[PDB]
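Protein chains in written order, with the deposited numbering: chain J, 1182 to 1229; chain G, 1182 to 1229.
Beta carbons: idealized from backbone N, C-alpha and C, even for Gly.
Beneath this line is the structure, given in structure tokens, with notes to follow.
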């Protein structure tokens, strides 16, 4: 259940990053991911 | 003097957040808020 990103006009899966995603409000149709958490969804909890 | 956000085509006040706002250069016609500081304008000053 890994998730990748592809362009709308050509099939070529790529890693999900902040350059191809945008933050949005939650919806009932969205997938709730538990593991492997692509970098944009990584909640930063690395303090001193 | 609370400020809310509404969609351009239907009146329904909502809280101000980073999802419905965008950062811009200051203008002379902007309101200078002192209290209640919606979350986008909250200057983070929480170190250890």
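Simplified DSSP state of residue i, which is helix, strand or coil
{"i": "residue 1221 of chain G", "result": "helix"}
Where the beta strand (DSSP E) through residue i begins and ends
{"i": "residue 1188 of chain G", "result": "1186-1188"}
{"i": "residue 1193 of chain J", "result": "1191-1195"}
Per-residue contacts from residue i into chain G (C-beta, under 8 Å)
{"i": "residue 1204 of chain J", "result": "1199, 1200"}
Pair within 8 Å by beta-carbon distance, residue i and residue j
{"i": "residue 1198 of chain J", "j": "residue 1221 of chain J", "result": "yes"}
{"i": "residue 1217 of chain G", "j": "residue 1195 of chain G", "result": "no"}
{"i": "residue 1209 of chain J", "j": "residue 1200 of chain G", "result": "no"}
{"i": "residue 1214 of chain J", "j": "residue 1229 of chain G", "result": "no"}
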